[PDB]
Amino acid sequence: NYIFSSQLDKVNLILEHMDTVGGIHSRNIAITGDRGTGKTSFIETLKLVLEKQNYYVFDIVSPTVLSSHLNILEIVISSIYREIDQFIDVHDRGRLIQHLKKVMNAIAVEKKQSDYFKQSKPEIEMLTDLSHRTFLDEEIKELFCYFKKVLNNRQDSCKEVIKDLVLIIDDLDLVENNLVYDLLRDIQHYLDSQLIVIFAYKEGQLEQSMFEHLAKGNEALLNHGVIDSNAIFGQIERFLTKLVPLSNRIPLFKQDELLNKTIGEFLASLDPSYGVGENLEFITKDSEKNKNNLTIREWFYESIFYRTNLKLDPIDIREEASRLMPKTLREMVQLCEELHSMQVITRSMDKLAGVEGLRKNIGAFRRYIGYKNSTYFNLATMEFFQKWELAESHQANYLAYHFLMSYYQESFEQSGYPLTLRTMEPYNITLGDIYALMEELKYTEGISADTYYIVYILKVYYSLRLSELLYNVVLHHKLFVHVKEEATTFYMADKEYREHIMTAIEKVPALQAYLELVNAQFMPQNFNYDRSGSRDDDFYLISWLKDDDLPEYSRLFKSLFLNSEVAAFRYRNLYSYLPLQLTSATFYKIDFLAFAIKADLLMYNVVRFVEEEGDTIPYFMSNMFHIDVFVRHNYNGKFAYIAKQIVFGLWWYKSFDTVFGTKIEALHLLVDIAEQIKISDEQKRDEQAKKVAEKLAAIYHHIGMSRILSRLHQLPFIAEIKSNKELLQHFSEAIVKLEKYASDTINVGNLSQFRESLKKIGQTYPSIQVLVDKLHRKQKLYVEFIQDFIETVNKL
């Protein structure tokens, strides 16, 4: 099943067509494409085919032969002389030798070698030598005729007469540019209508080589505007049309049909028994579980997976990932060589020992990517990726953001929040802003093409680094088994807990590096989880007033959605992926997908993954294309449904496959917590995930400002404190705190009821009588009175 069979048949048809005509006609063939590599190269194989058809084939003219600086005529006559000297005719050999001498004279005359160009006093008979060059066509024709006669005379048992002489010039794809031009002319002048010349070049090399010469031949025409590139290109066009008829040129095997075929066909092209098994490892015997009909295009990704545990096929096809897979058959073979086993990770054994080899395969694939990704890179991107590598573990995000912003600027001259982070700390970038900026650049009214592939390669590099760091962390899983246990105790129902988490982090530098890469957010901090309108009014903000009033399971609603401790001012982390200690009456923003990247939850998941061996695998943030899937998810009482999607709904989606498990959990402890809810009050997993979403939604609604200020309704206020919800929350807290130490049930039906209650309290405590007196004639609640109330109750 030879794979260039069609091209060979077409060659034979061309040879057939020309064999009928025997009147000294111009006949040449031009092979183009990827005719090379291991043992089925079209050129040697074609030479052999021609040999057994009674075509005499000159030894192939390689770049080694062309580097001799001898013209093709010299090479041909040297080959003829060697062939006739191999054996020892008489009648025809002498004539062959005479014609060889005549051709050598013609060559010398063309070189201005003969005595004609070096003698003061020319003689008549040297004019014969000049004739040898002015009639070189006839001399060459006689030479080849007699060479064919001599070759026919050495055939034993009268096998058959030789049809024609064939000259093949292989590996012309890259021969010192202009040199091939010198070849072309030599073929035009001496071997055009003499032999069957097979060129074996690529694409439009001939046209470019001709243009390189004609352009310096047409300086003054081009600069004075007499002609343009079109005239020179037309000249080259018709010259090449006459030299090689377009019915005589044969292309083969570019990248299109290379990527379209099946991996099985290519492996058969190497050997009939080679194949790929169901683990994407190269097999030999039969398997019968093999998958050989996947096509090279997606076999590439499916086989990067099972070796790096990374699904690198992008959802957006704008990203030009196909710039990696193969480009030629040689690159395909070399990819198979680099990527044949690399200790492929299978679906057997206990799913524990495949981590150590996985990071190694990650490194090998990074090397392969660097080798592939070295052509279109010019200076800024080699620089950027190099610095990004040796950016420790935390400056990488800053460098990536500024590099992507450099790309953004290159199209702005011809506001947005993701574009407002240049005067931003490296510890205030996170990974969600990187993805957000890459999306915004993917949707910018500007440049395209190279920028998309730059984004894709940056995503691939980030995924490789994240997976490598995650696997290094997993290797050192023992060092923090205890914290898992503690985490169980900690939010199964404080400050030592945070202290322990930080100590455990310090002992695994890789865990530091991973948490610093994904600082606190791999999702954009702009993302709309409700695709109904805009983003929100006040949906993603909470208060978190006081510990004594937090509901049950509130620690869960601090590490699942609440990755920052700030009011929502220059040298500030703003993210603090560590367990957070929040202050009273402060607005905090919510991020639904922060659970996987919190230190304690991440280490819980790592220990669960290493220790437990069932069928689920905890979700790990090791691939940014997971973020691609996340931004595509629907996510749509409202808060409960979004929370359930985070816990259960999310678990396109084939990028979550993982080489270690069938499904993916989010955080197994949420299951156990759900169990306790059952005590306090696929279907089972759905029901538990609901319980957790309902409990989280109850917590969310409790810590909402609408509930916190619910008791301050019916109380008049001045029209400036309504926009000061923090002070109002403090005032509510002070009201409760005052009525809990005196047990008087402060009425808040109106200012009159509040005043009666305050005097009732002040009948005993002198400090409340002051507030009573300063609230005598007031029609509404004023800022100073509220502040004084806060102070008095605080020191009460």
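Residues numbered from 1 in each chain as written, not as in the entry; some residues may be left out. Part of a larger assembly, values for the part shown. Heavy atoms only, no water.

Structure determination for this PDB entry is given in the record as cryo-EM, at a resolution of 2.5 Å.

Chemist: When you look at the overall build of the chain in this model, what are you seeing that I'm missing?
Modeler: What the chain contains, in helices and strands, is 34 helices and eleven strands. Projecting the C-alpha coordinates of the chain onto the three principal axes gives extents of approximately 145 × 70 × 45 Å. Out of the 796 residues in the chain, the part that is buried amounts to 51%. Approximately 39,300 Å² of the chain is accessible, and the part contributed by carbon and sulfur atoms is 52%. Computed over 92 positive and 110 negative side-chain charges, the separation of the two mean positions in the chain equals 3 Å. (Helix = DSSP H or I, 4+ residues; strand = E, 2+ residues; numbered from the N terminus. Buried < 20%, exposed > 50% of the residue type's maximum accessible area, 1.4 Å probe, protein only. Areas by Shrake-Rupley, 256 points an atom, 1.4 Å probe, with all protein chains shown as cover. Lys, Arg positive; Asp, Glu negative; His and termini not counted. Charge placed at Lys NZ, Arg CZ, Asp CG, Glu CD.)

Chemist: Which parts of the structure should I look at to understand a nonpolar patch on the surface?
Modeler: On the surface, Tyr-116, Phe-117, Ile-124 and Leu-127 cluster together into a nonpolar patch covering about 400 Å² of accessible area. With respect to the element layout, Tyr-116 can be found in the loop between α5 (91-110) and α6 (126-134). The class for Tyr-116 is partly exposed, based on a relative accessible area of 33%. (Patch = residues over 30% accessible without salt bridge, like charges linked within 9 Å, V, L, I, M, F, W, Y side chains within 5 Å. Salt bridge = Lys/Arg side-chain N within 4 Å of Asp/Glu carboxyl O.)

Chemist: Mind showing me how you'd approach the sheet that holds strand β4 (residues 196-198) here?
Modeler: For sheets, the rule is that strands pair by backbone hydrogen bonds, running either parallel or antiparallel. Spatially, β2-β3-β4-β1-β5 is the arrangement adopted by the five strands of the open sheet, whose pairing is parallel. At either margin of the open sheet sits one strand with a lone partner, and together these are β2 (56-57) and β5 (249-252). Contacting β2 and β3 (165-168), helix α7 (residues 136-153) runs over the sheet at an angle of about 110° to β3. (Pairing = 2+ DSSP bridges. Contact = heavy atoms within 4.5 Å. Axes fitted to C-alpha atoms, helices over the stretch in contact; angles between N-to-C directions.)

Chemist: How should I be thinking about unusual backbone geometry in this particular structure?
Modeler: Of all residues except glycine, most have a negative phi; of all peptide bonds, most are trans. Residue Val-90 is not a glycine yet carries a positive backbone phi of 65°. Take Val-90: it is sitting in the loop between α4 (72-86) and α5. The class for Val-90 is exposed, based on a relative accessible area of 73%. Phi at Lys-351 takes a positive value of approximately 60°, unusual for a residue other than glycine. Within the secondary structure, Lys-351 is located in the loop between α15 (329-338) and α16 (354-372).

Chemist: Any chance you could explain α15 here in plain terms?
Modeler: Residues three or four positions apart in an α-helix share a direction because the helix packs 3.6 residues into each turn. Three or more residues of α15 are buried, namely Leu-329, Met-332, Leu-335 and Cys-336. The arc enclosing the buried residues of α15, seen along the axis, measures out at 120°, which places them on a common side. Against the buried residues of α15 lie α12 (255-260), α13 (263-270), β7 (282-283), α14 (295-304) and α16. For α15, the side-chain oxygen to backbone nitrogen distance between the N-cap and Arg-330 is 3.3 Å, and the N-cap itself is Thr-328. (Arc of directions from axis to C-beta. Polar contact = N/O pair within 3.5 Å; in protein donor to acceptor, adjacent residues only side chain to side chain.)

Chemist: What should I look at first to understand the environment of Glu-687 in this one?
Modeler: The topology assignment puts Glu-687 in helix α29 (residues 683-702). Using a relative accessible area of 28% as the deciding quantity, one classes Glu-687 as partly exposed. Looking at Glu-687, its side chain comes within polar contact range of the side chain of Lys-691, at 2.8 Å.

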